[PDB]
>>> print(open('final27.cif').read())   # mmCIF, N, CA and C atoms and all ligand atoms
data_protein
loop_
_atom_site.label_atom_id
_atom_site.label_comp_id
_atom_site.auth_asym_id
_atom_site.auth_seq_id
_atom_site.Cartn_x
_atom_site.Cartn_y
_atom_site.Cartn_z
N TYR W 1 -11.39 -0.60 18.18
CA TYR W 1 -11.72 -0.30 16.78
C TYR W 1 -12.10 1.16 16.56
N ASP W 2 -11.63 2.06 17.44
CA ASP W 2 -11.87 3.48 17.30
C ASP W 2 -10.89 4.05 16.28
N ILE W 3 -11.39 4.43 15.10
CA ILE W 3 -10.58 4.96 14.00
C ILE W 3 -9.95 6.30 14.34
N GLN W 4 -10.50 7.04 15.29
CA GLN W 4 -9.98 8.36 15.62
C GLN W 4 -9.04 8.36 16.81
N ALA W 5 -8.91 7.23 17.55
CA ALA W 5 -8.16 7.21 18.79
C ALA W 5 -6.71 7.60 18.68
N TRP W 6 -6.11 7.38 17.50
CA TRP W 6 -4.71 7.68 17.31
C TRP W 6 -4.36 9.12 17.57
N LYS W 7 -5.31 10.05 17.38
CA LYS W 7 -4.95 11.46 17.50
C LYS W 7 -4.58 11.83 18.92
N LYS W 8 -5.44 11.50 19.88
CA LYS W 8 -5.12 11.78 21.28
C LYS W 8 -3.92 10.96 21.73
N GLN W 9 -3.78 9.72 21.23
CA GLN W 9 -2.61 8.91 21.60
C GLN W 9 -1.32 9.60 21.11
N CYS W 10 -1.36 10.21 19.92
CA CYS W 10 -0.21 10.95 19.40
C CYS W 10 0.01 12.22 20.17
N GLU W 11 -1.06 12.92 20.59
CA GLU W 11 -0.90 14.11 21.43
C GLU W 11 -0.18 13.77 22.72
N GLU W 12 -0.59 12.66 23.34
CA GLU W 12 0.03 12.23 24.58
C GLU W 12 1.45 11.81 24.39
N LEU W 13 1.75 11.13 23.29
CA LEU W 13 3.12 10.73 23.03
C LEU W 13 3.99 11.96 22.77
N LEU W 14 3.46 12.98 22.08
CA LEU W 14 4.22 14.21 21.88
C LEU W 14 4.46 14.91 23.20
N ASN W 15 3.49 14.89 24.11
CA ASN W 15 3.68 15.45 25.45
C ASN W 15 4.85 14.76 26.17
N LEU W 16 4.92 13.42 26.09
CA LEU W 16 6.02 12.68 26.70
C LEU W 16 7.33 13.06 26.05
N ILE W 17 7.33 13.20 24.71
CA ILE W 17 8.54 13.58 24.00
C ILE W 17 9.01 14.97 24.44
N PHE W 18 8.09 15.94 24.59
CA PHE W 18 8.48 17.27 25.01
C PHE W 18 9.00 17.31 26.45
N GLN W 19 8.64 16.33 27.28
CA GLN W 19 9.18 16.23 28.64
C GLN W 19 10.59 15.62 28.67
N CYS W 20 10.92 14.78 27.66
CA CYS W 20 12.22 14.12 27.51
C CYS W 20 13.27 15.19 27.28
N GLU W 21 14.36 15.17 28.05
CA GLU W 21 15.47 16.09 27.81
C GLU W 21 16.09 15.85 26.45
N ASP W 22 16.07 14.60 25.97
CA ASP W 22 16.62 14.28 24.67
C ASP W 22 15.90 14.98 23.51
N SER W 23 14.67 15.49 23.72
CA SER W 23 14.00 16.18 22.61
C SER W 23 14.39 17.63 22.45
N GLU W 24 15.08 18.23 23.43
CA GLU W 24 15.30 19.69 23.40
C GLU W 24 15.90 20.22 22.06
N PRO W 25 16.88 19.54 21.44
CA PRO W 25 17.40 20.03 20.15
C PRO W 25 16.43 19.96 19.00
N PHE W 26 15.34 19.23 19.16
CA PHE W 26 14.38 18.91 18.12
C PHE W 26 13.01 19.52 18.37
N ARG W 27 12.83 20.35 19.40
CA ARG W 27 11.52 20.90 19.71
C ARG W 27 11.12 21.97 18.77
N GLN W 28 12.07 22.76 18.30
CA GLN W 28 11.83 23.86 17.38
C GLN W 28 12.74 23.65 16.17
N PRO W 29 12.46 24.34 15.05
CA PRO W 29 13.33 24.19 13.88
C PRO W 29 14.81 24.43 14.21
N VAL W 30 15.72 23.68 13.56
CA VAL W 30 17.16 23.87 13.76
C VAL W 30 17.53 25.33 13.46
N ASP W 31 18.27 25.93 14.38
CA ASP W 31 18.69 27.32 14.31
C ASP W 31 19.73 27.51 13.23
N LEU W 32 19.34 28.20 12.17
CA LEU W 32 20.25 28.46 11.05
C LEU W 32 21.39 29.40 11.42
N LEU W 33 21.24 30.22 12.48
CA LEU W 33 22.34 31.08 12.90
C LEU W 33 23.43 30.26 13.61
N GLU W 34 23.03 29.18 14.30
CA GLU W 34 23.96 28.28 14.97
C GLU W 34 24.55 27.23 14.02
N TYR W 35 23.81 26.86 12.97
CA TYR W 35 24.23 25.84 12.00
C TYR W 35 24.02 26.40 10.60
N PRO W 36 24.89 27.32 10.16
CA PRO W 36 24.61 28.03 8.90
C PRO W 36 24.58 27.20 7.63
N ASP W 37 25.20 26.03 7.64
CA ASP W 37 25.19 25.14 6.47
C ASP W 37 24.01 24.15 6.51
N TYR W 38 23.10 24.26 7.49
CA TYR W 38 22.03 23.29 7.68
C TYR W 38 21.25 22.98 6.43
N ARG W 39 20.75 24.01 5.73
CA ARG W 39 19.96 23.81 4.53
C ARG W 39 20.78 23.37 3.31
N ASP W 40 22.12 23.37 3.40
CA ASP W 40 22.97 22.80 2.35
C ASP W 40 22.92 21.26 2.42
N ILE W 41 22.62 20.71 3.60
CA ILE W 41 22.61 19.28 3.83
C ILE W 41 21.18 18.75 3.89
N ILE W 42 20.28 19.50 4.55
CA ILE W 42 18.91 19.09 4.81
C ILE W 42 17.89 19.78 3.94
N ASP W 43 17.16 19.02 3.12
CA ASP W 43 16.16 19.55 2.20
C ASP W 43 14.85 19.87 2.88
N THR W 44 14.44 19.04 3.86
CA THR W 44 13.16 19.25 4.51
C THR W 44 13.31 19.28 5.99
N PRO W 45 13.41 20.47 6.57
CA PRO W 45 13.48 20.55 8.03
C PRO W 45 12.20 20.03 8.68
N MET W 46 12.35 19.46 9.86
CA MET W 46 11.20 19.01 10.63
C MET W 46 11.56 19.09 12.09
N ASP W 47 10.58 19.35 12.93
CA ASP W 47 10.77 19.46 14.37
C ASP W 47 9.46 19.08 15.07
N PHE W 48 9.52 18.83 16.38
CA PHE W 48 8.35 18.36 17.10
C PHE W 48 7.27 19.38 17.25
N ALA W 49 7.61 20.68 17.30
CA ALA W 49 6.53 21.69 17.37
C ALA W 49 5.74 21.71 16.07
N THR W 50 6.42 21.56 14.92
CA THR W 50 5.72 21.49 13.63
C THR W 50 4.84 20.26 13.58
N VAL W 51 5.32 19.11 14.06
CA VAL W 51 4.49 17.91 14.08
C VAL W 51 3.25 18.12 14.96
N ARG W 52 3.44 18.66 16.16
CA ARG W 52 2.32 18.89 17.06
C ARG W 52 1.35 19.88 16.46
N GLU W 53 1.84 20.95 15.83
CA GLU W 53 0.96 21.93 15.22
C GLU W 53 0.18 21.33 14.07
N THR W 54 0.83 20.49 13.27
CA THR W 54 0.16 19.83 12.14
C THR W 54 -0.94 18.92 12.66
N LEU W 55 -0.66 18.18 13.73
CA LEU W 55 -1.65 17.32 14.34
C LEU W 55 -2.82 18.14 14.89
N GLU W 56 -2.52 19.21 15.62
CA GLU W 56 -3.54 20.03 16.24
C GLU W 56 -4.37 20.80 15.25
N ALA W 57 -3.81 21.13 14.10
CA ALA W 57 -4.55 21.79 13.03
C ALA W 57 -5.50 20.83 12.30
N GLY W 58 -5.42 19.53 12.59
CA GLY W 58 -6.21 18.55 11.87
C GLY W 58 -5.65 18.34 10.49
N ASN W 59 -4.32 18.38 10.35
CA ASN W 59 -3.68 18.23 9.07
C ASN W 59 -2.93 16.91 8.90
N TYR W 60 -3.13 15.97 9.82
CA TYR W 60 -2.71 14.61 9.61
C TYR W 60 -3.99 13.81 9.43
N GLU W 61 -4.00 12.95 8.44
CA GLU W 61 -5.14 12.06 8.23
C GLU W 61 -4.95 10.72 8.96
N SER W 62 -3.71 10.35 9.29
CA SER W 62 -3.45 9.07 9.92
C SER W 62 -2.20 9.18 10.77
N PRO W 63 -2.02 8.25 11.70
CA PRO W 63 -0.78 8.25 12.48
C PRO W 63 0.42 7.89 11.61
N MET W 64 0.24 7.22 10.46
CA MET W 64 1.37 6.93 9.57
C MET W 64 1.98 8.23 9.05
N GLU W 65 1.14 9.23 8.76
CA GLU W 65 1.66 10.51 8.29
C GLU W 65 2.47 11.20 9.37
N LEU W 66 1.97 11.19 10.60
CA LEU W 66 2.70 11.78 11.72
C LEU W 66 4.03 11.05 11.92
N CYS W 67 3.99 9.72 11.87
CA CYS W 67 5.17 8.90 12.03
C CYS W 67 6.23 9.22 10.93
N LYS W 68 5.81 9.52 9.69
CA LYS W 68 6.74 9.87 8.64
C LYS W 68 7.44 11.19 8.99
N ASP W 69 6.70 12.17 9.52
CA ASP W 69 7.32 13.44 9.89
C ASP W 69 8.25 13.29 11.07
N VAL W 70 7.86 12.49 12.08
CA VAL W 70 8.77 12.29 13.22
C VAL W 70 10.03 11.58 12.76
N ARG W 71 9.89 10.56 11.90
CA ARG W 71 11.06 9.86 11.39
C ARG W 71 11.97 10.79 10.60
N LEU W 72 11.42 11.82 9.94
CA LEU W 72 12.20 12.82 9.23
C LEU W 72 13.03 13.63 10.21
N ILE W 73 12.53 13.92 11.42
CA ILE W 73 13.35 14.61 12.43
C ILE W 73 14.63 13.80 12.69
N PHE W 74 14.45 12.49 12.85
CA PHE W 74 15.57 11.63 13.16
C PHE W 74 16.49 11.44 11.97
N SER W 75 15.95 11.26 10.76
CA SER W 75 16.84 11.09 9.60
C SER W 75 17.59 12.37 9.31
N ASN W 76 16.97 13.54 9.56
CA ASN W 76 17.68 14.81 9.38
C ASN W 76 18.84 14.89 10.37
N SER W 77 18.65 14.44 11.61
CA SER W 77 19.72 14.46 12.58
C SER W 77 20.88 13.56 12.15
N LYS W 78 20.56 12.40 11.61
CA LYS W 78 21.57 11.46 11.14
C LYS W 78 22.30 11.99 9.94
N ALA W 79 21.60 12.69 9.04
CA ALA W 79 22.23 13.26 7.86
C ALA W 79 23.07 14.48 8.21
N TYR W 80 22.66 15.28 9.18
CA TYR W 80 23.40 16.49 9.51
C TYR W 80 24.55 16.27 10.44
N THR W 81 24.51 15.19 11.23
CA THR W 81 25.56 14.99 12.23
C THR W 81 26.94 14.86 11.60
N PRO W 82 27.94 15.55 12.18
CA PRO W 82 29.32 15.39 11.66
C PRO W 82 29.92 14.09 12.19
N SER W 83 29.28 13.45 13.20
CA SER W 83 29.78 12.25 13.79
C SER W 83 28.65 11.41 14.32
N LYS W 84 28.76 10.10 14.12
CA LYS W 84 27.78 9.18 14.68
C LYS W 84 27.94 9.02 16.20
N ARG W 85 28.93 9.69 16.80
CA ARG W 85 29.13 9.75 18.24
C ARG W 85 28.83 11.15 18.78
N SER W 86 28.21 12.05 18.00
CA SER W 86 27.93 13.37 18.48
C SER W 86 26.87 13.37 19.57
N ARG W 87 26.92 14.39 20.43
CA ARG W 87 25.94 14.52 21.50
C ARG W 87 24.51 14.59 20.96
N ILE W 88 24.25 15.50 20.05
CA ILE W 88 22.88 15.71 19.56
C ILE W 88 22.40 14.50 18.78
N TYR W 89 23.27 13.87 17.99
CA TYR W 89 22.85 12.67 17.28
C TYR W 89 22.54 11.54 18.27
N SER W 90 23.33 11.40 19.32
CA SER W 90 23.08 10.36 20.32
C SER W 90 21.73 10.58 21.01
N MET W 91 21.35 11.84 21.23
CA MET W 91 20.05 12.19 21.79
C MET W 91 18.95 11.75 20.81
N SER W 92 19.14 12.01 19.52
CA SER W 92 18.17 11.61 18.52
C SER W 92 17.98 10.10 18.50
N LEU W 93 19.05 9.33 18.66
CA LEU W 93 18.90 7.87 18.64
C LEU W 93 18.08 7.37 19.78
N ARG W 94 18.32 7.91 20.98
CA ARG W 94 17.53 7.49 22.14
C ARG W 94 16.09 7.90 22.00
N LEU W 95 15.86 9.11 21.51
CA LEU W 95 14.52 9.59 21.34
C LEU W 95 13.77 8.79 20.27
N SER W 96 14.48 8.37 19.21
CA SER W 96 13.89 7.55 18.18
C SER W 96 13.47 6.21 18.73
N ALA W 97 14.30 5.58 19.56
CA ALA W 97 13.96 4.28 20.15
C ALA W 97 12.73 4.43 21.02
N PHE W 98 12.66 5.51 21.81
CA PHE W 98 11.50 5.76 22.66
C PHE W 98 10.25 5.97 21.79
N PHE W 99 10.36 6.78 20.73
CA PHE W 99 9.24 7.03 19.85
C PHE W 99 8.76 5.74 19.19
N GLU W 100 9.67 4.96 18.63
CA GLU W 100 9.30 3.72 17.95
C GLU W 100 8.63 2.73 18.88
N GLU W 101 9.13 2.65 20.11
CA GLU W 101 8.55 1.76 21.12
C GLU W 101 7.11 2.14 21.42
N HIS W 102 6.79 3.44 21.41
CA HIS W 102 5.46 3.91 21.75
C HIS W 102 4.51 4.02 20.57
N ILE W 103 5.02 4.35 19.38
CA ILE W 103 4.16 4.50 18.22
C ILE W 103 3.66 3.18 17.66
N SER W 104 4.37 2.07 17.91
CA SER W 104 3.99 0.78 17.38
C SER W 104 2.53 0.39 17.67
N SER W 105 2.07 0.54 18.93
CA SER W 105 0.69 0.18 19.25
C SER W 105 -0.30 1.15 18.65
N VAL W 106 0.09 2.43 18.51
CA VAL W 106 -0.79 3.43 17.91
C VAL W 106 -1.07 3.07 16.47
N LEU W 107 -0.03 2.69 15.72
CA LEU W 107 -0.17 2.30 14.34
C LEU W 107 -0.95 1.00 14.22
N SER W 108 -0.64 0.02 15.07
CA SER W 108 -1.34 -1.26 15.02
C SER W 108 -2.82 -1.09 15.29
N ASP W 109 -3.17 -0.33 16.32
CA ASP W 109 -4.58 -0.13 16.66
C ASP W 109 -5.30 0.60 15.56
N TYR W 110 -4.67 1.61 14.96
CA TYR W 110 -5.32 2.35 13.88
C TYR W 110 -5.56 1.44 12.68
N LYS W 111 -4.54 0.68 12.28
CA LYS W 111 -4.67 -0.19 11.12
C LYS W 111 -5.72 -1.26 11.38
N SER W 112 -5.77 -1.79 12.60
CA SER W 112 -6.79 -2.77 12.97
C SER W 112 -8.20 -2.15 12.89
N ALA W 113 -8.35 -0.91 13.38
CA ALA W 113 -9.63 -0.21 13.34
C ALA W 113 -10.08 0.01 11.93
N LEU W 114 -9.16 0.38 11.03
CA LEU W 114 -9.48 0.58 9.63
C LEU W 114 -9.92 -0.70 8.99
N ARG W 115 -9.22 -1.81 9.28
CA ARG W 115 -9.58 -3.10 8.72
C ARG W 115 -10.96 -3.51 9.20
N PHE W 116 -11.27 -3.26 10.49
CA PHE W 116 -12.58 -3.58 11.03
C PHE W 116 -13.65 -2.76 10.34
N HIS W 117 -13.36 -1.49 10.09
CA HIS W 117 -14.30 -0.64 9.38
C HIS W 117 -14.60 -1.17 7.96
N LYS W 118 -13.58 -1.62 7.23
CA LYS W 118 -13.76 -2.11 5.87
C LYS W 118 -14.07 -3.59 5.75
N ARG W 119 -14.29 -4.30 6.87
CA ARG W 119 -14.50 -5.74 6.90
C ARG W 119 -15.59 -6.25 5.97
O1 LIG W 201 26.52 19.32 16.03
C1 LIG W 201 26.06 18.12 15.99
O2 LIG W 201 26.70 17.15 16.35
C2 LIG W 201 24.68 17.96 15.47
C3 LIG W 201 24.23 16.68 15.14
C4 LIG W 201 22.92 16.46 14.78
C5 LIG W 201 22.02 17.52 14.77
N1 LIG W 201 20.64 17.43 14.59
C6 LIG W 201 20.10 18.59 14.72
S1 LIG W 201 21.16 19.92 15.07
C7 LIG W 201 22.49 18.81 15.06
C8 LIG W 201 23.82 19.04 15.39
#
>>> encode(input="final27.cif", output="structure tokens")
Amino acid sequence: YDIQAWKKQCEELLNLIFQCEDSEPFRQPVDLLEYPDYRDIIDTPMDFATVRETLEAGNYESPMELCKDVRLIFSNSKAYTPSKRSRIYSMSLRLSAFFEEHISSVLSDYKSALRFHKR
């Protein structure tokens, strides 16, 4: 029932993500010199360094907010991909499955802690 535990759990999950080879295209903002039409397709860029920085700055109030930004990394990859069989998109799918598998308990524990607090 620790309402604050999600933060360190998210820091650790981001550490695992940064170790994953599948995260390399998503660690920093998409390079506009390599993908010049990127902002024609994608309205809100997102990357894992921005998520980690937002978390470390104390600018997430809940793990749901962090989860929305991470999910935006994946939806941006799906929207930008020229093919659902592309290398970078395939990396995003694997990384999304890994993230979803790990974030589920973080969200559950946080929501349970909040409910216990307001009981
Ligand atoms: O060139 C591609 O296939 C491709 C697909 C998705 C994606 N997400 C971030 S950069 C990027 C490039």
>>> closest_residue(input="final27.cif", among="W:44, W:4, W:9, W:83", to="ligand LIG 201 (chain W)", atoms="only C-alpha atoms and all ligand atoms")
W:83
>>> residues_near_ligand(input="final27.cif", ligand="ligand LIG 201 (chain W)", cutoff="9 Å", atoms="only C-alpha atoms and all ligand atoms", output="ChimeraX atom specification")
/W:25-26,29-31,34-35,38,73-92
>>> residues_around(input="final27.cif", residues="range 110-115 of chain W", least_positions_apart="2", cutoff="7 Å", atoms="only N, CA and C atoms", output="short mmCIF file (atom, residue, chain, number, x, y, z; two decimals) with N, CA and C atoms, keeping the file's coordinate frame")
data_model
loop_
_atom_site.label_atom_id
_atom_site.label_comp_id
_atom_site.auth_asym_id
_atom_site.auth_seq_id
_atom_site.Cartn_x
_atom_site.Cartn_y
_atom_site.Cartn_z
N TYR W 1 -11.39 -0.60 18.18
CA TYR W 1 -11.72 -0.30 16.78
C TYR W 1 -12.10 1.16 16.56
N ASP W 2 -11.63 2.06 17.44
CA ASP W 2 -11.87 3.48 17.30
C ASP W 2 -10.89 4.05 16.28
N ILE W 3 -11.39 4.43 15.10
CA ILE W 3 -10.58 4.96 14.00
C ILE W 3 -9.95 6.30 14.34
N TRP W 6 -6.11 7.38 17.50
CA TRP W 6 -4.71 7.68 17.31
C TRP W 6 -4.36 9.12 17.57
N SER W 105 2.07 0.54 18.93
CA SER W 105 0.69 0.18 19.25
C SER W 105 -0.30 1.15 18.65
N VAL W 106 0.09 2.43 18.51
CA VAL W 106 -0.79 3.43 17.91
C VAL W 106 -1.07 3.07 16.47
N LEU W 107 -0.03 2.69 15.72
CA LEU W 107 -0.17 2.30 14.34
C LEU W 107 -0.95 1.00 14.22
N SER W 108 -0.64 0.02 15.07
CA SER W 108 -1.34 -1.26 15.02
C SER W 108 -2.82 -1.09 15.29
N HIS W 117 -13.36 -1.49 10.09
CA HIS W 117 -14.30 -0.64 9.38
C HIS W 117 -14.60 -1.17 7.96
N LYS W 118 -13.58 -1.62 7.23
CA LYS W 118 -13.76 -2.11 5.87
C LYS W 118 -14.07 -3.59 5.75
N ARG W 119 -14.29 -4.30 6.87
CA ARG W 119 -14.50 -5.74 6.90
C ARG W 119 -15.59 -6.25 5.97
#
>>> atom_distance(input="final27.cif", atom1="atom N of residue 48 in chain W", atom2="atom N of residue 24 in chain W")
9.0 Å
>>> residues_near_point(input="final27.cif", point="(10.8, 19.1, 15.5)", cutoff="5 Å", atoms="all atoms listed in the file", output="PyMOL selection string")
chain W and resi 26-28+46-49
>>> decode(input="final27.cif", residues="range 62-91 of chain W", atoms="N, CA and C atoms", output="mmCIF file, in the first residue's frame")
data_model
loop_
_atom_site.group_PDB
_atom_site.id
_atom_site.type_symbol
_atom_site.label_atom_id
_atom_site.label_comp_id
_atom_site.auth_asym_id
_atom_site.auth_seq_id
_atom_site.Cartn_x
_atom_site.Cartn_y
_atom_site.Cartn_z
ATOM 1 N N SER W 62 1.592 10.080 -11.385
ATOM 2 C CA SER W 62 1.174 8.699 -11.242
ATOM 3 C C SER W 62 1.847 7.860 -12.311
ATOM 4 N N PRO W 63 1.887 6.544 -12.111
ATOM 5 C CA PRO W 63 2.431 5.680 -13.157
ATOM 6 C C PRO W 63 1.522 5.654 -14.381
ATOM 7 N N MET W 64 0.224 5.997 -14.263
ATOM 8 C CA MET W 64 -0.643 6.064 -15.443
ATOM 9 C C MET W 64 -0.148 7.132 -16.408
ATOM 10 N N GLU W 65 0.337 8.259 -15.883
ATOM 11 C CA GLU W 65 0.849 9.313 -16.742
ATOM 12 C C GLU W 65 2.093 8.859 -17.482
ATOM 13 N N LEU W 66 2.999 8.179 -16.782
ATOM 14 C CA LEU W 66 4.206 7.650 -17.413
ATOM 15 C C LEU W 66 3.818 6.631 -18.489
ATOM 16 N N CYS W 67 2.881 5.751 -18.161
ATOM 17 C CA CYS W 67 2.418 4.734 -19.086
ATOM 18 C C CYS W 67 1.807 5.376 -20.360
ATOM 19 N N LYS W 68 1.112 6.520 -20.255
ATOM 20 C CA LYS W 68 0.562 7.198 -21.406
ATOM 21 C C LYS W 68 1.701 7.687 -22.310
ATOM 22 N N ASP W 69 2.775 8.233 -21.724
ATOM 23 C CA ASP W 69 3.890 8.697 -22.541
ATOM 24 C C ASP W 69 4.637 7.553 -23.180
ATOM 25 N N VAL W 70 4.838 6.440 -22.454
ATOM 26 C CA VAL W 70 5.516 5.298 -23.072
ATOM 27 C C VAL W 70 4.669 4.746 -24.207
ATOM 28 N N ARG W 71 3.352 4.636 -24.002
ATOM 29 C CA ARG W 71 2.470 4.148 -25.053
ATOM 30 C C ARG W 71 2.507 5.054 -26.273
ATOM 31 N N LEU W 72 2.738 6.362 -26.095
ATOM 32 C CA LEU W 72 2.879 7.304 -27.197
ATOM 33 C C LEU W 72 4.135 6.997 -27.999
ATOM 34 N N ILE W 73 5.227 6.543 -27.365
ATOM 35 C CA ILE W 73 6.421 6.132 -28.122
ATOM 36 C C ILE W 73 6.031 5.027 -29.120
ATOM 37 N N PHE W 74 5.257 4.057 -28.626
ATOM 38 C CA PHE W 74 4.877 2.932 -29.458
ATOM 39 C C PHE W 74 3.859 3.319 -30.512
ATOM 40 N N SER W 75 2.861 4.143 -30.169
ATOM 41 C CA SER W 75 1.875 4.534 -31.190
ATOM 42 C C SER W 75 2.523 5.410 -32.241
ATOM 43 N N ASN W 76 3.517 6.236 -31.869
ATOM 44 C CA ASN W 76 4.231 7.034 -32.859
ATOM 45 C C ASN W 76 4.982 6.109 -33.814
ATOM 46 N N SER W 77 5.585 5.035 -33.306
ATOM 47 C CA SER W 77 6.293 4.108 -34.171
ATOM 48 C C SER W 77 5.334 3.434 -35.155
ATOM 49 N N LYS W 78 4.159 3.067 -34.684
ATOM 50 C CA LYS W 78 3.154 2.440 -35.527
ATOM 51 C C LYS W 78 2.619 3.391 -36.567
ATOM 52 N N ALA W 79 2.455 4.663 -36.210
ATOM 53 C CA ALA W 79 1.959 5.663 -37.145
ATOM 54 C C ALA W 79 3.030 6.046 -38.162
ATOM 55 N N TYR W 80 4.291 6.081 -37.772
ATOM 56 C CA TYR W 80 5.346 6.501 -38.692
ATOM 57 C C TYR W 80 5.851 5.397 -39.582
ATOM 58 N N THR W 81 5.700 4.140 -39.165
ATOM 59 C CA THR W 81 6.267 3.053 -39.942
ATOM 60 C C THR W 81 5.688 2.971 -41.351
ATOM 61 N N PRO W 82 6.561 2.797 -42.359
ATOM 62 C CA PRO W 82 6.043 2.629 -43.733
ATOM 63 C C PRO W 82 5.527 1.200 -43.933
ATOM 64 N N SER W 83 5.849 0.276 -42.994
ATOM 65 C CA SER W 83 5.454 -1.093 -43.104
ATOM 66 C C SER W 83 5.292 -1.706 -41.731
ATOM 67 N N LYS W 84 4.255 -2.515 -41.581
ATOM 68 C CA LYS W 84 4.061 -3.252 -40.339
ATOM 69 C C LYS W 84 5.061 -4.403 -40.189
ATOM 70 N N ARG W 85 5.940 -4.616 -41.176
ATOM 71 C CA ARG W 85 7.020 -5.579 -41.125
ATOM 72 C C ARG W 85 8.383 -4.871 -41.052
ATOM 73 N N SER W 86 8.427 -3.553 -40.797
ATOM 74 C CA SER W 86 9.693 -2.867 -40.740
ATOM 75 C C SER W 86 10.511 -3.275 -39.527
ATOM 76 N N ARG W 87 11.831 -3.150 -39.646
ATOM 77 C CA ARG W 87 12.729 -3.479 -38.545
ATOM 78 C C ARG W 87 12.410 -2.672 -37.283
ATOM 79 N N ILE W 88 12.367 -1.361 -37.404
ATOM 80 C CA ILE W 88 12.183 -0.501 -36.227
ATOM 81 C C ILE W 88 10.797 -0.695 -35.633
ATOM 82 N N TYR W 89 9.775 -0.871 -36.470
ATOM 83 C CA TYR W 89 8.443 -1.124 -35.931
ATOM 84 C C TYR W 89 8.402 -2.473 -35.204
ATOM 85 N N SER W 90 9.065 -3.490 -35.740
ATOM 86 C CA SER W 90 9.094 -4.800 -35.088
ATOM 87 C C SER W 90 9.780 -4.706 -33.719
ATOM 88 N N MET W 91 10.803 -3.867 -33.594
ATOM 89 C CA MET W 91 11.479 -3.621 -32.326
ATOM 90 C C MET W 91 10.493 -2.972 -31.351
#
